[PDB]
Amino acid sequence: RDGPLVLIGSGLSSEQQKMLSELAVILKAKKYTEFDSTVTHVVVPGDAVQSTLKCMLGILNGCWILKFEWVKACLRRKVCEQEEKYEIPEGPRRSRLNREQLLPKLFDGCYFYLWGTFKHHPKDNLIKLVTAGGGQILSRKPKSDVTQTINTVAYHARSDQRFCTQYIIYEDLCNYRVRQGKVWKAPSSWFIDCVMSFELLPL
């Protein structure tokens, strides 16, 4: 049997947030305001999925990512309603079936060096996401000592990305030869897009 649900809201209204907490006590579960691996459900306000850290952490966690009409229906009925109808399609579903099937994490076998400055999605956010996605953080800019001898494969790679698993992530002007050796150059937008689609996208 399942543990009690652990819910969280992302980009929710103030009313929607009151409504959500009213469900938690009714469904006899916790509601959180900060994301944790124990979170079962992430509720978004609309239908589009949000590029917030919580929604992203939830996708990598294989959580239900559901429209707010789910909470409405739950309060309306005072039951846990079945989630699929409210699930946000594409990446979140993909990720949840990956979790349910015990398949490896999105960035499994991959390594990431975060180069330069990050405004849009800060650096600490990126670190959290590489770690939540089963990826590893390179503390040094990859050149050719450890670089060739890294011999992992990436499950979610289609592709040279299967076995060239190291990434220099940038936001700033990075002129270039997208791959040199086992190391790719990729903008953070590519990384974010991977997470939102639950996909190791081609470069």
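One-based numbering along the sequence shown.
Counting the unmodelled positions of the deposited sequence between residue 176 and residue 177 gives a small gap of 1 to 3 residues. Count the deposited residues lacking coordinates between residue 143 and residue 144 and you get 1 to 3 of them. Comparing 115-123 with 98-106, the stretch with the higher mean C-alpha B-factor in the PDB entry is 98-106.
Higher average CA B factor: 28-36, of the stretches 167-175 and 28-36.
Across the residues 147, 159, 152, 139, the deposited record lists the maximum Cα B factor for 147.
In this PDB entry, residue 85 carries a Cα temperature factor that places it within the highest third of its chain's modelled residues. Residue 78: CA B factor lies in the highest third for its chain, per the PDB record.
For residue 93, the recorded CA B-factor ranks within the highest third of the chain. Only modelled residues enter the ranking.
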